[PDB]
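J.: Hey, dropping data-v1.cif in here, mmCIF, C-alpha atoms:
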```cif
data_target
loop_
_atom_site.group_PDB
_atom_site.id
_atom_site.type_symbol
_atom_site.label_atom_id
_atom_site.label_comp_id
_atom_site.auth_asym_id
_atom_site.auth_seq_id
_atom_site.Cartn_x
_atom_site.Cartn_y
_atom_site.Cartn_z
ATOM 1 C CA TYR A 322 0.000 0.000 0.000
ATOM 2 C CA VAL A 323 0.791 3.739 0.060
ATOM 3 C CA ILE A 324 0.234 6.227 2.971
ATOM 4 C CA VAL A 325 0.704 9.928 2.991
ATOM 5 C CA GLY A 326 0.640 11.977 6.137
ATOM 6 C CA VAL A 327 2.086 14.644 8.344
ATOM 7 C CA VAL A 328 5.014 15.280 10.632
ATOM 8 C CA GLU A 329 5.409 18.970 11.638
ATOM 9 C CA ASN A 330 7.184 20.770 14.459
ATOM 10 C CA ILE A 331 6.610 24.507 14.713
ATOM 11 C CA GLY A 332 8.329 24.800 18.070
ATOM 12 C CA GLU A 333 8.174 24.414 21.879
ATOM 13 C CA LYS A 334 4.739 22.744 22.013
ATOM 14 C CA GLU A 335 3.259 23.007 18.530
ATOM 15 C CA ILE A 336 4.022 19.451 17.464
ATOM 16 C CA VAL A 337 1.696 17.720 15.025
ATOM 17 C CA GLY A 338 1.538 14.426 13.298
ATOM 18 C CA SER A 339 -0.167 11.147 12.712
ATOM 19 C CA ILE A 340 0.853 9.171 15.806
ATOM 20 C CA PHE A 341 3.153 10.807 18.377
ATOM 21 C CA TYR A 342 5.114 7.826 19.814
ATOM 22 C CA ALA A 343 6.114 10.033 22.835
ATOM 23 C CA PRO A 344 8.353 7.760 25.027
ATOM 24 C CA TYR A 345 8.389 8.074 28.829
ATOM 25 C CA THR A 346 11.783 8.016 30.616
ATOM 26 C CA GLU A 347 11.347 10.405 33.542
ATOM 27 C CA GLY A 348 12.295 8.685 36.790
ATOM 28 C CA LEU A 349 14.417 6.127 34.978
ATOM 29 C CA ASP A 350 18.131 6.628 35.638
ATOM 30 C CA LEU A 351 19.784 6.510 32.220
ATOM 31 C CA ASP A 352 23.294 6.546 30.839
ATOM 32 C CA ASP A 353 22.699 8.654 27.722
ATOM 33 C CA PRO A 354 18.907 9.212 28.010
ATOM 34 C CA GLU A 355 18.624 9.433 24.211
ATOM 35 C CA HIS A 356 18.613 5.615 24.386
ATOM 36 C CA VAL A 357 15.062 5.414 25.862
ATOM 37 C CA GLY A 358 14.293 2.515 28.166
ATOM 38 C CA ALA A 359 16.697 0.483 30.269
ATOM 39 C CA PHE A 360 18.432 -2.830 30.794
ATOM 40 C CA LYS A 361 18.080 -5.107 33.802
ATOM 41 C CA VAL A 362 20.253 -8.069 34.813
ATOM 42 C CA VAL A 363 19.343 -10.808 37.280
ATOM 43 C CA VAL A 364 21.402 -14.038 36.862
ATOM 44 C CA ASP A 365 19.648 -17.311 37.600
ATOM 45 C CA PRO A 366 19.833 -18.716 41.224
ATOM 46 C CA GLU A 367 20.062 -22.370 40.134
ATOM 47 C CA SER A 368 21.804 -22.382 36.854
ATOM 48 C CA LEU A 369 24.166 -19.474 37.333
ATOM 49 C CA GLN A 370 24.047 -18.231 33.805
ATOM 50 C CA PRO A 371 23.258 -14.512 33.389
ATOM 51 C CA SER A 372 19.971 -13.119 32.299
ATOM 52 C CA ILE A 373 19.185 -9.771 30.781
ATOM 53 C CA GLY A 374 16.190 -7.910 29.506
ATOM 54 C CA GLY B 418 6.771 12.725 91.717
ATOM 55 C CA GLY B 419 10.359 12.690 90.545
ATOM 56 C CA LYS B 420 10.247 8.923 91.266
ATOM 57 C CA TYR B 421 8.558 6.832 88.553
ATOM 58 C CA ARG B 422 9.332 6.915 84.859
ATOM 59 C CA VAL B 423 5.935 7.094 83.163
ATOM 60 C CA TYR B 424 5.385 5.840 79.612
ATOM 61 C CA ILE B 425 2.177 5.773 77.552
ATOM 62 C CA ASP B 426 0.990 2.604 75.947
ATOM 63 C CA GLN B 427 -0.367 4.253 72.846
ATOM 64 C CA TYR B 428 -2.111 0.990 71.898
ATOM 65 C CA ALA B 429 -3.537 0.062 75.310
ATOM 66 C CA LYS B 430 -6.486 -2.255 74.765
ATOM 67 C CA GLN B 431 -8.685 -1.066 77.622
ATOM 68 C CA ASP B 432 -7.437 1.271 80.375
ATOM 69 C CA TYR B 433 -4.749 0.221 82.855
ATOM 70 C CA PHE B 434 -1.393 0.827 84.410
ATOM 71 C CA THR B 435 1.528 -1.477 85.158
ATOM 72 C CA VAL B 436 4.031 -0.651 87.835
ATOM 73 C CA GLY B 437 7.422 -2.198 87.341
ATOM 74 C CA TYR B 438 10.947 -2.288 88.721
ATOM 75 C CA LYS B 439 14.211 -1.766 86.893
ATOM 76 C CA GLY B 440 17.538 -1.688 88.647
ATOM 77 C CA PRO B 441 20.737 0.166 87.567
ATOM 78 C CA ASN B 442 22.330 -3.161 86.690
ATOM 79 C CA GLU B 443 21.455 -4.772 83.371
ATOM 80 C CA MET B 444 20.784 -8.100 85.025
ATOM 81 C CA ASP B 445 18.203 -6.683 87.408
ATOM 82 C CA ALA B 446 15.082 -6.248 85.256
ATOM 83 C CA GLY B 447 12.640 -9.190 85.204
ATOM 84 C CA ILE B 448 12.608 -9.356 81.357
ATOM 85 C CA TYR B 449 15.635 -9.024 78.996
ATOM 86 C CA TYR B 450 15.410 -7.979 75.325
ATOM 87 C CA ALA B 451 18.786 -9.104 73.945
ATOM 88 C CA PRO B 452 19.261 -8.210 70.256
ATOM 89 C CA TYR B 453 21.758 -10.232 68.257
ATOM 90 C CA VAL B 454 21.046 -9.215 64.633
ATOM 91 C CA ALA B 455 18.999 -6.231 63.584
ATOM 92 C CA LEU B 456 17.430 -4.928 60.436
ATOM 93 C CA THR B 457 19.768 -6.652 58.055
ATOM 94 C CA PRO B 458 18.610 -5.810 54.481
ATOM 95 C CA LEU B 459 18.105 -8.310 51.718
ATOM 96 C CA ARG B 460 18.179 -7.621 47.981
ATOM 97 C CA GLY B 461 17.378 -9.556 44.832
ATOM 98 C CA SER B 462 15.160 -9.931 41.763
ATOM 99 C CA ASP B 463 13.138 -12.645 39.995
ATOM 100 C CA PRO B 464 14.867 -13.814 36.678
ATOM 101 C CA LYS B 465 11.596 -14.788 35.082
ATOM 102 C CA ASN B 466 10.317 -11.232 35.087
ATOM 103 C CA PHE B 467 13.128 -8.938 36.376
ATOM 104 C CA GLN B 468 11.001 -7.493 39.136
ATOM 105 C CA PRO B 469 13.081 -6.540 42.252
ATOM 106 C CA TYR C 108 -4.932 -9.473 14.317
ATOM 107 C CA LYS C 109 -8.016 -8.145 16.076
ATOM 108 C CA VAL C 110 -11.591 -8.045 14.870
ATOM 109 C CA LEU C 111 -13.247 -4.625 14.640
ATOM 110 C CA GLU C 112 -16.499 -5.769 13.054
ATOM 111 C CA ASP C 113 -18.602 -8.849 13.807
ATOM 112 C CA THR C 114 -18.128 -11.523 11.172
ATOM 113 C CA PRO C 115 -15.033 -10.106 9.505
ATOM 114 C CA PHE C 116 -14.891 -11.424 5.979
ATOM 115 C CA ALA C 117 -18.728 -11.434 5.773
ATOM 116 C CA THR C 118 -18.489 -9.328 2.640
ATOM 117 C CA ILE C 119 -15.106 -10.458 1.327
ATOM 118 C CA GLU C 120 -15.554 -12.805 -1.629
ATOM 119 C CA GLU C 121 -11.831 -13.380 -1.991
ATOM 120 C CA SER C 122 -11.008 -17.086 -1.763
ATOM 121 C CA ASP C 123 -7.306 -16.683 -0.985
ATOM 122 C CA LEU C 124 -7.284 -16.329 2.762
ATOM 123 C CA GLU C 125 -4.083 -14.243 2.681
ATOM 124 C CA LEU C 126 -5.631 -11.674 0.403
ATOM 125 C CA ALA C 127 -8.963 -11.776 2.136
ATOM 126 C CA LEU C 128 -7.059 -10.741 5.238
ATOM 127 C CA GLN C 129 -5.274 -7.911 3.427
ATOM 128 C CA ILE C 130 -8.726 -6.776 2.304
ATOM 129 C CA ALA C 131 -10.084 -6.980 5.873
ATOM 130 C CA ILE C 132 -7.271 -4.630 6.953
ATOM 131 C CA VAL C 133 -8.029 -2.210 4.126
ATOM 132 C CA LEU C 134 -11.763 -2.244 4.762
ATOM 133 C CA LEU C 135 -11.383 -1.836 8.550
ATOM 134 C CA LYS C 136 -13.020 -5.142 9.468
ATOM 135 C CA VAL C 137 -9.802 -6.288 11.119
ATOM 136 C CA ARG C 138 -6.957 -4.239 12.607
ATOM 137 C CA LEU C 139 -3.320 -5.248 13.057
ATOM 138 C CA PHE C 140 -3.094 -6.062 16.779
ATOM 139 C CA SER C 141 0.493 -5.097 17.223
ATOM 140 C CA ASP C 142 0.671 -2.810 20.261
ATOM 141 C CA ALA C 143 2.346 -2.128 23.561
ATOM 142 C CA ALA C 144 1.030 -3.880 26.633
ATOM 143 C CA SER C 145 -0.987 -2.456 29.439
ATOM 144 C CA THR C 146 1.691 -1.959 32.096
ATOM 145 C CA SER C 147 0.121 -4.563 34.381
ATOM 146 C CA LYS C 148 0.995 -7.283 31.866
ATOM 147 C CA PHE C 149 4.503 -7.548 33.199
ATOM 148 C CA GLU C 150 3.792 -6.719 36.884
ATOM 149 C CA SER C 151 1.657 -9.760 37.923
ATOM 150 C CA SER C 152 4.848 -11.851 38.398
ATOM 151 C CA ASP C 153 2.808 -14.495 36.581
ATOM 152 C CA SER C 154 4.406 -13.032 33.477
ATOM 153 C CA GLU C 155 5.879 -14.047 30.134
ATOM 154 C CA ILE C 156 8.508 -11.893 28.396
ATOM 155 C CA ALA C 157 9.036 -12.497 24.731
ATOM 156 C CA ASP C 158 12.468 -13.884 24.052
ATOM 157 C CA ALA C 159 15.046 -12.241 21.869
ATOM 158 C CA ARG C 160 17.182 -14.725 19.967
ATOM 159 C CA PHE C 161 20.158 -14.925 17.710
#
```
Could I get this structure in the form of structure tokens?

T.:
Amino acid sequence: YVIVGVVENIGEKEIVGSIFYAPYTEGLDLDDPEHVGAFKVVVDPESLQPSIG
Amino acid sequence: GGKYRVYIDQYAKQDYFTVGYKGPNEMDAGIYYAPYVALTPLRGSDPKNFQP
Amino acid sequence: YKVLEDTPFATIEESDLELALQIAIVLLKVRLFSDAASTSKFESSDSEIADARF
């Protein structure tokens, strides 16, 4: 198929477009916040192999 | 009266008072609370879901 | 996929199921279900996290 649509940014708050994504990172302690999201590591208590997500 | 140390049982079930003795020596007190380990923290997380 | 309208494909004469599905998307009978999860999905502890593999 083919879709046409808009992405515009006038400034400060005037941001318009079809779907805004708009990720939420506040409160998350990040090394280079541009990354978005974070990694967590546990390591199994039986098998001792690492685990990450 | 300058004699008894008065404490309030904030959670008293009815209405009462208990008079007790406590000597200057640690062995003279009827009942002995003798802590060994206190408020040792534990930490971890569950590998199936990463929740702490 | 998720159904938007009761009896999706009720009006799709296409015999090739793959194309009938593409038509259902175009005609808004069915929507792609891909989406983020309600946050509670991964908080129950009775949880399943999709694997990443290589």

J.: Should the cut-off be 10 Å, what would the residue list for chain C against chain A look like, counting all atoms listed in the file, as a PyMOL selection string?

T.: chain C and resi 133+156-159

J.: Using the chain letters and numbers from this file, what does the PyMOL selection byres ((chain B) within 12 of (chain A)) select? Give the answer as a list in words.

T.: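 So the PyMOL selection byres ((chain B) within 12 of (chain A)) ends up selecting residues 460, 461, 462, 463, 464, 465, 466, 467, 468 and 469 of chain B.
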
J.: Mind giving me the straight-line distance from atom CA of residue 109 of chain C to atom CA of residue 124 of chain C in Å, one decimal?

T.: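 So the two atoms, atom CA of residue 109 of chain C and atom CA of residue 124 of chain C, lie 15.6 Å apart.
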
J.: Give as a list in words every residue of chain C that touches chain B within 8 Å, counting only C-alpha atoms.

T.: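 Filtering chain C at 8 Å from chain B with only C-alpha atoms gives residues 149, 150, 152, 154, 155 and 156 of chain C.
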
J.: Show which residues sit within 10 Å of residue 346 of chain A, as JSON, numbers by chain. Count all atoms listed in the file, and ignore same-chain residues fewer than 6 positions away.

T.: {"A": [354, 355, 356, 357, 358, 359]}

J.: Take the PyMOL selection byres ((chain C and resi 108) around 6), run it mentally on this structure, and tell me the resulting residues as a VMD selection string.

T.: chain C and resid 109 138 to 140

J.: Just how far from atom CA of residue 438 of chain B is atom CA of residue 425 of chain B, in Å to one decimal?

T.: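 Pair atom CA of residue 425 of chain B / atom CA of residue 438 of chain B returns 16.3 Å.
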
J.: In Å, how far is it from atom CA of residue 118 of chain C to atom CA of residue 131 of chain C?

T.: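 That distance, rounded to one decimal, is 9.3 Å.
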
J.: Enumerate, as a list in words, the residues matched when the PyMOL selection byres ((chain B and resi 421) around 12) is run on the file above.

T.: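 Residues picked by the PyMOL selection byres ((chain B and resi 421) around 12): residues 418, 419, 420, 422, 423, 424, 435, 436, 437, 438 and 439 of chain B.
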
J.: Quick one: residues within 6 Å of (0.2, 13.4, 11.2) (file frame), counting all atoms listed in the file, please, as a PyMOL selection string.

T.: chain A and resi 326-328+337-339

J.: Could you write out as lines of an AutoDock Vina configuration file the box around segment 138-151 of chain C (axis-aligned, all atoms listed in the file, 8 Å on each side), with centre and edge lengths in Å to one decimal?

T.:
```
center_x = -1.2
center_y = -5.9
center_z = 25.3
size_x = 27.5
size_y = 23.8
size_z = 41.3
```

J.: Kindly indicate which residue among C:153, C:160, C:137, C:132 lies nearest to residue 113 of chain C, using all atoms listed in the file for the distances.

T.: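 Among C:153, C:160, C:137, C:132, it is C:137 that comes nearest to residue 113 of chain C.
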
J.: Please rebuild segment 437-459 of chain B with N, CA and C atoms and return the result as a PDB file, in the coordinates of the input.

T.:
```pdb
ATOM      1  N   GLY B 437       6.337  -1.245  87.420  1.00  0.00           N
ATOM      2  CA  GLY B 437       7.422  -2.198  87.341  1.00  0.00           C
ATOM      3  C   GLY B 437       8.717  -1.687  87.934  1.00  0.00           C
ATOM      4  N   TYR B 438       9.621  -2.611  88.208  1.00  0.00           N
ATOM      5  CA  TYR B 438      10.947  -2.288  88.721  1.00  0.00           C
ATOM      6  C   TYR B 438      12.038  -2.561  87.719  1.00  0.00           C
ATOM      7  N   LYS B 439      13.017  -1.674  87.707  1.00  0.00           N
ATOM      8  CA  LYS B 439      14.211  -1.766  86.893  1.00  0.00           C
ATOM      9  C   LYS B 439      15.387  -1.262  87.689  1.00  0.00           C
ATOM     10  N   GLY B 440      16.387  -2.110  87.886  1.00  0.00           N
ATOM     11  CA  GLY B 440      17.538  -1.688  88.647  1.00  0.00           C
ATOM     12  C   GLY B 440      18.572  -1.069  87.722  1.00  0.00           C
ATOM     13  N   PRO B 441      19.615  -0.430  88.276  1.00  0.00           N
ATOM     14  CA  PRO B 441      20.737   0.166  87.567  1.00  0.00           C
ATOM     15  C   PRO B 441      21.616  -0.847  86.844  1.00  0.00           C
ATOM     16  N   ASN B 442      21.550  -2.096  87.278  1.00  0.00           N
ATOM     17  CA  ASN B 442      22.330  -3.161  86.690  1.00  0.00           C
ATOM     18  C   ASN B 442      21.520  -3.806  85.588  1.00  0.00           C
ATOM     19  N   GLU B 443      22.154  -4.113  84.471  1.00  0.00           N
ATOM     20  CA  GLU B 443      21.455  -4.772  83.371  1.00  0.00           C
ATOM     21  C   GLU B 443      20.877  -6.139  83.673  1.00  0.00           C
ATOM     22  N   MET B 444      21.357  -6.814  84.705  1.00  0.00           N
ATOM     23  CA  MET B 444      20.784  -8.100  85.025  1.00  0.00           C
ATOM     24  C   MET B 444      19.588  -8.003  85.941  1.00  0.00           C
ATOM     25  N   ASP B 445      19.303  -6.829  86.477  1.00  0.00           N
ATOM     26  CA  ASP B 445      18.203  -6.683  87.408  1.00  0.00           C
ATOM     27  C   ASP B 445      16.926  -6.127  86.763  1.00  0.00           C
ATOM     28  N   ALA B 446      16.249  -6.871  85.878  1.00  0.00           N
ATOM     29  CA  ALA B 446      15.082  -6.248  85.256  1.00  0.00           C
ATOM     30  C   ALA B 446      13.887  -7.136  84.959  1.00  0.00           C
ATOM     31  N   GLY B 447      13.824  -8.349  85.468  1.00  0.00           N
ATOM     32  CA  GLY B 447      12.640  -9.190  85.204  1.00  0.00           C
ATOM     33  C   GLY B 447      12.596  -9.858  83.820  1.00  0.00           C
ATOM     34  N   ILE B 448      12.632  -9.026  82.783  1.00  0.00           N
ATOM     35  CA  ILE B 448      12.608  -9.356  81.357  1.00  0.00           C
ATOM     36  C   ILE B 448      13.783  -8.754  80.614  1.00  0.00           C
ATOM     37  N   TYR B 449      14.414  -9.515  79.702  1.00  0.00           N
ATOM     38  CA  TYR B 449      15.635  -9.024  78.996  1.00  0.00           C
ATOM     39  C   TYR B 449      15.506  -9.124  77.479  1.00  0.00           C
ATOM     40  N   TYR B 450      15.426  -7.973  76.814  1.00  0.00           N
ATOM     41  CA  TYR B 450      15.410  -7.979  75.325  1.00  0.00           C
ATOM     42  C   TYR B 450      16.864  -7.949  74.864  1.00  0.00           C
ATOM     43  N   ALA B 451      17.361  -9.017  74.238  1.00  0.00           N
ATOM     44  CA  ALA B 451      18.786  -9.104  73.945  1.00  0.00           C
ATOM     45  C   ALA B 451      19.118  -9.243  72.477  1.00  0.00           C
ATOM     46  N   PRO B 452      19.106  -8.165  71.683  1.00  0.00           N
ATOM     47  CA  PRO B 452      19.261  -8.210  70.256  1.00  0.00           C
ATOM     48  C   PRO B 452      20.595  -8.793  69.893  1.00  0.00           C
ATOM     49  N   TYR B 453      20.595  -9.564  68.813  1.00  0.00           N
ATOM     50  CA  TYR B 453      21.758 -10.232  68.257  1.00  0.00           C
ATOM     51  C   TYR B 453      22.060  -9.721  66.841  1.00  0.00           C
ATOM     52  N   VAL B 454      21.021  -9.679  66.020  1.00  0.00           N
ATOM     53  CA  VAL B 454      21.046  -9.215  64.633  1.00  0.00           C
ATOM     54  C   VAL B 454      19.914  -8.224  64.446  1.00  0.00           C
ATOM     55  N   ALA B 455      20.142  -7.106  63.765  1.00  0.00           N
ATOM     56  CA  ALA B 455      18.999  -6.231  63.584  1.00  0.00           C
ATOM     57  C   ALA B 455      18.989  -5.517  62.261  1.00  0.00           C
ATOM     58  N   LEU B 456      17.814  -5.563  61.666  1.00  0.00           N
ATOM     59  CA  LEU B 456      17.430  -4.928  60.436  1.00  0.00           C
ATOM     60  C   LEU B 456      18.440  -5.115  59.334  1.00  0.00           C
ATOM     61  N   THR B 457      18.836  -6.358  59.116  1.00  0.00           N
ATOM     62  CA  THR B 457      19.768  -6.652  58.055  1.00  0.00           C
ATOM     63  C   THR B 457      18.960  -6.675  56.772  1.00  0.00           C
ATOM     64  N   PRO B 458      19.304  -5.877  55.747  1.00  0.00           N
ATOM     65  CA  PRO B 458      18.610  -5.810  54.481  1.00  0.00           C
ATOM     66  C   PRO B 458      18.910  -6.996  53.603  1.00  0.00           C
ATOM     67  N   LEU B 459      17.962  -7.319  52.754  1.00  0.00           N
ATOM     68  CA  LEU B 459      18.105  -8.310  51.718  1.00  0.00           C
ATOM     69  C   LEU B 459      17.789  -7.657  50.394  1.00  0.00           C
TER      70      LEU B 459
END
```
